[PDB]
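One chain comes next, on its own, written as structure tokens: the form deposited in one PDB entry.
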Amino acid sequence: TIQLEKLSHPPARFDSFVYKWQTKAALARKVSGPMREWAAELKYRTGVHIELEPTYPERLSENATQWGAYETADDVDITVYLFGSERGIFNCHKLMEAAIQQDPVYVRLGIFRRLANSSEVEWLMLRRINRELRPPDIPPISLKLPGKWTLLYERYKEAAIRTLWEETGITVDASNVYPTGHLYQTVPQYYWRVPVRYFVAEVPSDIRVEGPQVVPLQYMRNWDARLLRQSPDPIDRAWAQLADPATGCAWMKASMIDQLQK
């Protein structure tokens, strides 16, 4: 249950009808998302614009009650504002109640191939170029397994399979896709962070990879291999060596990644 409070006007910091939801990050992150994955979907569905802020931001600068550090990100007090029509807000409210009962997450579908000469498998990876307006925990370029996030009402595996296709053009069958758990590592200051659900699936080693089918320009592609292999960054050089500039994808071993980080 979400209790909304109607406001007469927005506060000055937010320069339509306005409602407020006073809650915790444990719930607020489900209607927002680090990159507004869910906020944008809510806007798409209802026209309602969502804004979030920590209610007591000074507490986020504390290391050590009722006025010191928060124990966990989940405990962070969050004030959510909704701007829209009465009808949009009515509809958006309904969607949020459903969302906080779902568990919207990031998904990663680890596509892997087996090499004859090796017991360690190779993982398909991409490098996503991130926007200039991004939370501080996200680097300029994310090296990642394929996969994005669950849409509202979407099941985990369904989302993994759909977003694998969006990033790589690869179609896998659900019966070959295996969930393998989740990771969720965060701190109170990064209260927006969400769990990541993992899956694995084997593909044949000679499978044809097309690359991103959706927003392809948000991924590294068509770099200058000669130039990039002169980068001071070990990942850049491994990327120039192993990635296909036409697809923005590389087959990589975790052990090789570990050796680069030393």
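By rigid core we mean the largest C-alpha set that fits within 1.5 Å across both forms. Note that residue numbering follows the sequence shown and begins at 1.
Heads up, the form deposited in another entry isn't pictured, but that's what we're talking about next.
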property: Listed options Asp173, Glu71, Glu86, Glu120; Cα moving by 2 angstroms or more between this form and the one not shown (core superposition); result: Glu120
property: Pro212 C-alpha moves between this form and the one not shown by 2 Å or more, core aligned; result: no
property: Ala26: Cα shift of 2 Å or greater between this form and the one not shown (core-aligned); result: no
property: Rigid core superposed: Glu97 CA moves 2 Å or more between this form and the one not shown; result: no
property: Direction of Cα pair change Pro34-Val107 in that other deposited form, magnitude 3 angstroms or more; result: closer
property: Direction of C-alpha distance change in that other deposited form, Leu42 to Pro136 (at least 3 Å); result: farther
